[PDB]
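Below is one structure, written out as structure tokens, with a few remarks after it.
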Amino acid sequence: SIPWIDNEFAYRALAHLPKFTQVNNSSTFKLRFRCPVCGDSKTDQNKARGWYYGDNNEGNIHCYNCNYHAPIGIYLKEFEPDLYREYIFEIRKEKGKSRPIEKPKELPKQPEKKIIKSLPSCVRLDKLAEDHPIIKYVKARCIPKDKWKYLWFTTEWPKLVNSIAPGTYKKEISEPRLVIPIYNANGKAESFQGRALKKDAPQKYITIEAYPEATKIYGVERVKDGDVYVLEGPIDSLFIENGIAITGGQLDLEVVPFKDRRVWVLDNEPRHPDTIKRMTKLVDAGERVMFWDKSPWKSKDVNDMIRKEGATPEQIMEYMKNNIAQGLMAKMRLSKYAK
RNA sequence: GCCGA
DNA sequence: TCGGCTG
Ligand SMILES: [Zn+2]
């Protein structure tokens, strides 16, 4: 197929639809739109199920509301027949020549641009008093005290974010959050994650990037020699020596350093199918994956194993150091672990 | 539609 | 009340 013409004609034929948004991340071309087949919902205008994915070799229009998965050409056949002809002409026109997309291959990225020198309205946890509610809450979270120099507490999290990235929220309503600054390899903060307090925060638990090319891996600056253990939680990574944590829904293996010695230590969730998909895609890369198949504790994450089943960190490090598998042995491990 | 806040 | 989610 011809993906760039799919993206171009999808942008042409979906821009005039209501609630259109050109969601383009650095490898993914997606279009969000109200689906004209079903209309989505009057309440769910912003929650528009009309989705186009052009990052694949074929461009697919999948709407989850009316269950309408279709290529862009079928959409043009049903709705834009002038654009469909033009499409049929242009595809057989461009079949003869070679792809020219590679010719203007440039990058508009940048290095460290919004380097976070200070955190206004934030007090670090080690300089906070021992009877502070955030201090009592992290006492309930059982984080060791010596790492309390890595976490801040705020009450003005929208004001703090708008001090760094203005215009994120129209209202700076005061909100207590746990600031986890995510530093690069050289030790300076490139982002910060606003961890929800109490049972949950009101709204918008989001990692705030200083710039779109900033790191999403917390604790890279604290990596010493030995095997590097990757985790899903920054607080979960705080119980781990040489423990880093990816902060984001996208899991790029290339942006994670230590390719020789990274260890994937994910959640203990066998019933969860996306979890099985994550390890799967990790073992398909031939990577070193840590397996929860012989865990004496049955909680979800390492902090949970500590809080809810009374686990100590030394048992945790010996369990990860005794259960790194790779290759077909790991594949059989995931196999027997999955169900 | 499912999940997260 | 929002975004992101395969077929
Ligand atoms: Zn629809």
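By convention in this document, the chains of the structure tokens carry letters A, B, ... by their order, each chain's residues are numbered from 1, and ligands are numbered from 1 in the order they are shown.
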Quick check: residues of chain B within 9 Å of chain A, only C-alpha atoms (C1' of nucleotides), returned as a PDB file with N, CA and C atoms (P, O5', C5', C4', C3', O3' and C1' of nucleotides), in the first residue's frame.
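After the write, selection_5.pdb holds the following:
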```pdb
ATOM      1  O5'   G B   1     -19.901   2.677  25.663  1.00  0.00           O
ATOM      2  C5'   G B   1     -18.739   2.110  26.327  1.00  0.00           C
ATOM      3  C4'   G B   1     -18.492   0.715  25.803  1.00  0.00           C
ATOM      4  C3'   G B   1     -17.056   0.187  25.946  1.00  0.00           C
ATOM      5  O3'   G B   1     -16.819  -0.763  26.983  1.00  0.00           O
ATOM      6  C1'   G B   1     -17.612   0.350  23.664  1.00  0.00           C
ATOM      7  P     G B   4      -8.783   1.433  35.508  1.00  0.00           P
ATOM      8  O5'   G B   4      -7.995   2.802  35.306  1.00  0.00           O
ATOM      9  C5'   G B   4      -6.576   2.823  35.235  1.00  0.00           C
ATOM     10  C4'   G B   4      -6.061   4.197  34.891  1.00  0.00           C
ATOM     11  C3'   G B   4      -6.646   5.347  35.692  1.00  0.00           C
ATOM     12  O3'   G B   4      -6.075   5.484  36.980  1.00  0.00           O
ATOM     13  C1'   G B   4      -6.658   5.913  33.409  1.00  0.00           C
ATOM     14  P     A B   5      -7.022   5.774  38.246  1.00  0.00           P
ATOM     15  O5'   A B   5      -7.189   7.358  38.247  1.00  0.00           O
ATOM     16  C5'   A B   5      -6.083   8.197  38.534  1.00  0.00           C
ATOM     17  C4'   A B   5      -6.191   9.530  37.837  1.00  0.00           C
ATOM     18  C3'   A B   5      -7.240  10.492  38.366  1.00  0.00           C
ATOM     19  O3'   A B   5      -6.815  11.182  39.527  1.00  0.00           O
ATOM     20  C1'   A B   5      -7.366  10.414  36.012  1.00  0.00           C
TER      21        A B   5
END
```
Open item on the list: Using DSSP secondary structure from the backbone, list all alpha helix (DSSP H) positions within stretch 150-263 of chain A, as JSON, numbers by chain.
Closed with: {"A": [157, 158, 159, 160, 161, 162, 163, 164, 234, 235, 236, 237]}
Which residues of chain A have any atom within 12 Å of an atom in ligand 1 when counting only C-alpha atoms and all ligand atoms, and what is the closest pair of atoms for each, with the distance in Å to one decimal? Order the rows by chain and rising number and write it as CSV.
```
residue,atom,partner,partner_atom_place_in_ligand_line,distance
A:32,CA,ligand 1,1 (Zn),11.3
A:33,CA,ligand 1,1 (Zn),9.3
A:34,CA,ligand 1,1 (Zn),7.1
A:35,CA,ligand 1,1 (Zn),4.1
A:36,CA,ligand 1,1 (Zn),6.2
A:37,CA,ligand 1,1 (Zn),5.0
A:38,CA,ligand 1,1 (Zn),4.2
A:39,CA,ligand 1,1 (Zn),5.9
A:40,CA,ligand 1,1 (Zn),5.4
A:41,CA,ligand 1,1 (Zn),9.2
A:44,CA,ligand 1,1 (Zn),11.6
A:45,CA,ligand 1,1 (Zn),11.6
A:47,CA,ligand 1,1 (Zn),11.4
A:48,CA,ligand 1,1 (Zn),8.3
A:49,CA,ligand 1,1 (Zn),6.2
A:50,CA,ligand 1,1 (Zn),5.6
A:51,CA,ligand 1,1 (Zn),8.8
A:52,CA,ligand 1,1 (Zn),11.5
A:61,CA,ligand 1,1 (Zn),9.8
A:62,CA,ligand 1,1 (Zn),8.3
A:63,CA,ligand 1,1 (Zn),5.0
A:64,CA,ligand 1,1 (Zn),6.7
A:65,CA,ligand 1,1 (Zn),4.9
A:66,CA,ligand 1,1 (Zn),4.5
A:67,CA,ligand 1,1 (Zn),7.0
A:68,CA,ligand 1,1 (Zn),6.5
A:69,CA,ligand 1,1 (Zn),9.4
A:70,CA,ligand 1,1 (Zn),11.2
```
Would you save the residues from that selection as a PDB file, in the first residue's frame, using N, CA and C atoms?
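Here's the written file selection-v2.pdb:
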```
ATOM      1  N   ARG A  32      -8.444  11.937  15.130  1.00  0.00           N
ATOM      2  CA  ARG A  32      -9.610  11.782  15.986  1.00  0.00           C
ATOM      3  C   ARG A  32     -10.736  12.655  15.453  1.00  0.00           C
ATOM      4  N   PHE A  33     -11.937  12.093  15.382  1.00  0.00           N
ATOM      5  CA  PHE A  33     -13.040  12.762  14.712  1.00  0.00           C
ATOM      6  C   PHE A  33     -14.340  12.112  15.151  1.00  0.00           C
ATOM      7  N   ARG A  34     -15.410  12.899  15.096  1.00  0.00           N
ATOM      8  CA  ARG A  34     -16.749  12.365  15.284  1.00  0.00           C
ATOM      9  C   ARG A  34     -17.102  11.517  14.070  1.00  0.00           C
ATOM     10  N   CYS A  35     -17.462  10.262  14.308  1.00  0.00           N
ATOM     11  CA  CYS A  35     -17.702   9.323  13.222  1.00  0.00           C
ATOM     12  C   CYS A  35     -19.015   9.651  12.524  1.00  0.00           C
ATOM     13  N   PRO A  36     -19.008   9.917  11.215  1.00  0.00           N
ATOM     14  CA  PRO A  36     -20.256  10.299  10.536  1.00  0.00           C
ATOM     15  C   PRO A  36     -21.221   9.143  10.340  1.00  0.00           C
ATOM     16  N   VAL A  37     -20.766   7.901  10.511  1.00  0.00           N
ATOM     17  CA  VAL A  37     -21.644   6.744  10.372  1.00  0.00           C
ATOM     18  C   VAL A  37     -22.666   6.700  11.501  1.00  0.00           C
ATOM     19  N   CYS A  38     -22.211   6.886  12.741  1.00  0.00           N
ATOM     20  CA  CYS A  38     -23.091   6.811  13.898  1.00  0.00           C
ATOM     21  C   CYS A  38     -23.333   8.148  14.582  1.00  0.00           C
ATOM     22  N   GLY A  39     -22.482   9.146  14.354  1.00  0.00           N
ATOM     23  CA  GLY A  39     -22.634  10.421  15.028  1.00  0.00           C
ATOM     24  C   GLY A  39     -22.012  10.494  16.402  1.00  0.00           C
ATOM     25  N   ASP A  40     -21.449   9.382  16.889  1.00  0.00           N
ATOM     26  CA  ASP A  40     -20.926   9.185  18.254  1.00  0.00           C
ATOM     27  C   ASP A  40     -22.030   9.546  19.249  1.00  0.00           C
ATOM     28  N   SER A  41     -21.788  10.442  20.200  1.00  0.00           N
ATOM     29  CA  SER A  41     -22.800  10.837  21.165  1.00  0.00           C
ATOM     30  C   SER A  41     -22.807  12.351  21.288  1.00  0.00           C
ATOM     31  N   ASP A  44     -20.724  12.785  24.317  1.00  0.00           N
ATOM     32  CA  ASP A  44     -19.343  12.415  24.006  1.00  0.00           C
ATOM     33  C   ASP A  44     -18.885  13.025  22.687  1.00  0.00           C
ATOM     34  N   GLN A  45     -19.026  14.346  22.554  1.00  0.00           N
ATOM     35  CA  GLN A  45     -18.466  15.040  21.398  1.00  0.00           C
ATOM     36  C   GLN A  45     -16.943  15.029  21.442  1.00  0.00           C
ATOM     37  N   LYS A  47     -15.245  13.015  23.351  1.00  0.00           N
ATOM     38  CA  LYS A  47     -14.921  11.589  23.383  1.00  0.00           C
ATOM     39  C   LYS A  47     -15.397  10.951  22.077  1.00  0.00           C
ATOM     40  N   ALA A  48     -14.769  11.376  20.986  1.00  0.00           N
ATOM     41  CA  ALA A  48     -15.186  10.988  19.648  1.00  0.00           C
ATOM     42  C   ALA A  48     -14.506   9.685  19.255  1.00  0.00           C
ATOM     43  N   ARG A  49     -15.313   8.664  18.984  1.00  0.00           N
ATOM     44  CA  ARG A  49     -14.812   7.326  18.706  1.00  0.00           C
ATOM     45  C   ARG A  49     -14.290   7.164  17.287  1.00  0.00           C
ATOM     46  N   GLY A  50     -14.518   8.141  16.409  1.00  0.00           N
ATOM     47  CA  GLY A  50     -13.988   8.073  15.064  1.00  0.00           C
ATOM     48  C   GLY A  50     -12.480   8.193  15.057  1.00  0.00           C
ATOM     49  N   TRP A  51     -11.789   7.113  14.715  1.00  0.00           N
ATOM     50  CA  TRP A  51     -10.337   7.084  14.769  1.00  0.00           C
ATOM     51  C   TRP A  51      -9.772   6.611  13.441  1.00  0.00           C
ATOM     52  N   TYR A  52      -8.715   7.279  12.995  1.00  0.00           N
ATOM     53  CA  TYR A  52      -7.935   6.854  11.845  1.00  0.00           C
ATOM     54  C   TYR A  52      -6.508   6.597  12.294  1.00  0.00           C
ATOM     55  N   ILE A  61      -9.525   3.124   9.241  1.00  0.00           N
ATOM     56  CA  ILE A  61     -10.498   3.931   9.964  1.00  0.00           C
ATOM     57  C   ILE A  61     -11.305   2.963  10.821  1.00  0.00           C
ATOM     58  N   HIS A  62     -11.044   2.972  12.122  1.00  0.00           N
ATOM     59  CA  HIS A  62     -11.734   2.112  13.080  1.00  0.00           C
ATOM     60  C   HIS A  62     -12.467   3.016  14.064  1.00  0.00           C
ATOM     61  N   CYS A  63     -13.789   2.902  14.098  1.00  0.00           N
ATOM     62  CA  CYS A  63     -14.601   3.570  15.107  1.00  0.00           C
ATOM     63  C   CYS A  63     -15.116   2.510  16.073  1.00  0.00           C
ATOM     64  N   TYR A  64     -14.866   2.712  17.366  1.00  0.00           N
ATOM     65  CA  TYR A  64     -15.283   1.731  18.360  1.00  0.00           C
ATOM     66  C   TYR A  64     -16.763   1.834  18.703  1.00  0.00           C
ATOM     67  N   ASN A  65     -17.430   2.927  18.327  1.00  0.00           N
ATOM     68  CA  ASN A  65     -18.834   3.086  18.691  1.00  0.00           C
ATOM     69  C   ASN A  65     -19.732   2.223  17.812  1.00  0.00           C
ATOM     70  N   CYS A  66     -19.631   2.382  16.494  1.00  0.00           N
ATOM     71  CA  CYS A  66     -20.435   1.598  15.568  1.00  0.00           C
ATOM     72  C   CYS A  66     -19.704   0.360  15.066  1.00  0.00           C
ATOM     73  N   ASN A  67     -18.539   0.048  15.657  1.00  0.00           N
ATOM     74  CA  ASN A  67     -17.710  -1.125  15.329  1.00  0.00           C
ATOM     75  C   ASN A  67     -17.321  -1.151  13.853  1.00  0.00           C
ATOM     76  N   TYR A  68     -17.004   0.020  13.309  1.00  0.00           N
ATOM     77  CA  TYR A  68     -16.768   0.173  11.876  1.00  0.00           C
ATOM     78  C   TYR A  68     -15.268   0.324  11.621  1.00  0.00           C
ATOM     79  N   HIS A  69     -14.630  -0.820  11.390  1.00  0.00           N
ATOM     80  CA  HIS A  69     -13.230  -0.841  10.980  1.00  0.00           C
ATOM     81  C   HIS A  69     -13.163  -0.945   9.463  1.00  0.00           C
ATOM     82  N   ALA A  70     -12.516   0.027   8.819  1.00  0.00           N
ATOM     83  CA  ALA A  70     -12.459   0.052   7.370  1.00  0.00           C
ATOM     84  C   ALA A  70     -11.185   0.732   6.890  1.00  0.00           C
TER      85      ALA A  70
END
```
Taking only C-alpha atoms (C1' of nucleotides) into account, find every residue of chain C that has an atom no more than 8 Å from chain A, and write it out as a PDB file with C-alpha atoms (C1' of nucleotides), in the first residue's frame.
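Written out: out_39.pdb:
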```pdb
ATOM      1  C1'  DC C   2     -11.233  14.837  29.725  1.00  0.00           C
ATOM      2  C1'  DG C   3      -7.595  11.465  26.420  1.00  0.00           C
ATOM      3  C1'  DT C   6      -7.547  -2.867  16.808  1.00  0.00           C
ATOM      4  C1'  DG C   7      -9.464  -4.306  13.526  1.00  0.00           C
TER       5       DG C   7
END
```
If you count only C-alpha atoms (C1' of nucleotides), which residues fall within 8 Å of residue A:286, apart from same-chain ones fewer than 4 positions away, as a tab-separated table (two decimals) with N, CA, C and O atoms, in the first residue's frame?
```tsv
chain	number	residue	atom	x	y	z
A	282	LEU	N	8.33	-7.93	24.55
A	282	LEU	CA	9.68	-7.84	25.09
A	282	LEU	C	10.49	-9.10	24.78
A	282	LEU	O	11.68	-9.02	24.47
A	326	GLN	N	15.97	-15.46	29.38
A	326	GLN	CA	16.08	-14.88	28.05
A	326	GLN	C	15.93	-15.99	27.02
A	326	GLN	O	16.28	-17.15	27.26
A	327	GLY	N	15.40	-15.62	25.86
A	327	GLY	CA	15.27	-16.58	24.77
A	327	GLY	C	14.11	-17.53	24.98
A	327	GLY	O	13.05	-17.17	25.52
```
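Each of A:105, A:145, A:12, A:159 was checked against residue A:122 using only C-alpha atoms; the smallest atom-to-atom distance is that of A:159.
For the pair atom CA of residue A:186 and atom CA of residue A:211, the interatomic distance is 16.7 Å.
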If you run DSSP over the backbone, which residues in stretch 203-259 of chain A end up strand (DSSP E)? Put them as an mmCIF file with C-alpha atoms, in the first residue's frame.
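What follows is the written file part-v7.cif:
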```
data_model
loop_
_atom_site.group_PDB
_atom_site.id
_atom_site.type_symbol
_atom_site.label_atom_id
_atom_site.label_comp_id
_atom_site.auth_asym_id
_atom_site.auth_seq_id
_atom_site.Cartn_x
_atom_site.Cartn_y
_atom_site.Cartn_z
ATOM 1 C CA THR A 207 3.549 13.414 33.612
ATOM 2 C CA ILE A 208 4.462 16.963 32.556
ATOM 3 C CA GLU A 209 7.293 17.109 30.029
ATOM 4 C CA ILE A 217 12.752 7.242 32.449
ATOM 5 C CA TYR A 218 13.084 8.152 36.124
ATOM 6 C CA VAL A 228 19.654 -2.277 35.520
ATOM 7 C CA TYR A 229 16.110 -3.180 36.571
ATOM 8 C CA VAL A 230 13.300 -1.363 34.694
ATOM 9 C CA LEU A 231 9.943 -0.861 36.512
ATOM 10 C CA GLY A 243 16.106 0.687 39.279
ATOM 11 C CA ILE A 244 14.664 2.901 36.567
ATOM 12 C CA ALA A 245 11.018 3.371 35.646
ATOM 13 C CA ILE A 246 9.411 4.284 32.334
#
```
Open item on the list: So that I can see what lies close to residue A:321, please list as a VMD selection string the residues with an atom at most 9 Å from it, counting only C-alpha atoms (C1' of nucleotides) and leaving out residues fewer than 4 positions away in the same chain.
Closed with: chain A and resid 227 290 316 to 317
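Atom CA of residue A:332 sits 17.2 Å away from atom CA of residue A:266.
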TODO: Find the residue from A:43, A:333, A:6, A:17 that sits nearest to residue C:1; use only C-alpha atoms (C1' of nucleotides) when measuring.
DONE: A:43
Task: Selected residue, from A:128, A:23, A:10, A:334, that lies nearest to residue A:71 when counting only C-alpha atoms - done: A:10
Task: Interatomic distance (Å, one decimal) between atom CA of residue A:221 and atom CA of residue A:184 - done: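 That distance, rounded to one decimal, is 6.0 Å.
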